[PDB]
Structures are given as C-alpha cells and as structure tokens.
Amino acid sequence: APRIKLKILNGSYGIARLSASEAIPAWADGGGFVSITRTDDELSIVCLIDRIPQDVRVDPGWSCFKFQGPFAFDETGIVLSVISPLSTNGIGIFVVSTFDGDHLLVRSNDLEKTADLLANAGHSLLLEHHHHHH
C-alpha cells in the first residue's frame, strides 16, 4: 500500500450549499483552502467557516488535509490508500482532487481517530499549524 504524507491545514472549514444558478459569492474566495463546485443541482462551496454567512445552508465543523509532495507512483490508488482506513471505520470523508493532487476533509470531531487510523495504515502526518489567535 502507498504511504502518503498528509499535511493538516489550520482553521475550521464548512461546506456551504447555494442555489445552482447563483453567482459565486464575494465571500467564497479568500485565504485558505477554497473549493467552489457548480453542478446541475447545486453550487457547493468549501472554505473557512469564518467567511460563511448565517443566511446560507452549511455543514460546518471540518478539518482539511493536503496530500503532500511529488506523486511518482505506479498505478497505485493514492486516494484509496487514504480513505479506505477511514471509510471502513466509520469516518466520513470529503475529497477534493486538484490538478496537483488531492485534499481531504473530515469532521473536526473525527480528527484524533483519523490520525490514529492513518498512522496505523502506514501514512505520515504533519500535524503542525498556527492555530492560536493573535
């Protein structure tokens, strides 16, 4: 199984749901991880909870991880290797693939269990981030 390096991101994330035809809100793009996806039925926005307004439907309380470094692989399931230990053990997953690689979000209350499960599965976790306020 591939051993993946996962880097935690600072901040609390949320998944907002907007109207399928609504314009991208001004609060969507900003600092941190941002994923704006429009489909034939919804306009979904993942971003720091701080920017999500109170008049928008949202699934809050998420933590984000970035799949790290170069990906020289040989037909191996990088995403599979990471989500298998989580999904098989009751941990909900939210995956956002990108040109460079992938990001994974799990509910913040599942952070400790997620870290234990991923380490046991052989993955490396960089859990450093500047959380404390100013």
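The first residue of the sequence shown is number 1, and the count goes up from there.
Query - Mean Cα B-factor comparison, 101 to 109 or 46 to 54, giving the higher one as deposited - result: Higher mean C-alpha B-factor: 46 to 54.
Requested in this report: Look over 27 to 35 and 78 to 86 in the entry and identify the one with the greater average Cα temperature factor.
Outcome: The recorded data point to 27 to 35.
Query - CA B-factor placement of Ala1, once the chain's modelled residues are sorted into thirds - result: Its C-alpha B-factor belongs to the highest third of this chain's values.
Requested in this report: Among all modelled residues of this chain, ranked by Cα B factor, put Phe67 in the bottom, middle or top third, i.e. lowest, middle or highest.
Outcome: CA B-factor rank for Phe67: middle third.
Report task. For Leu9, return the chain-relative third of its C-alpha B-factor as stated in the PDB record: lowest, middle or highest. Result -> According to the entry, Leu9 has a C-alpha B-factor in the chain's middle third.
Query raised in the report: Taking the C-alpha B-factors as the PDB entry records them, is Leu117 in the lowest, middle or highest third of its chain?
Result: According to the entry, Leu117 has a C-alpha B-factor in the chain's lowest third.
Query raised in the report: Lowest, middle or highest third: where is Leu125 by Cα B-factor in its chain?
Result: According to the entry, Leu125 has a C-alpha B-factor in the chain's highest third.
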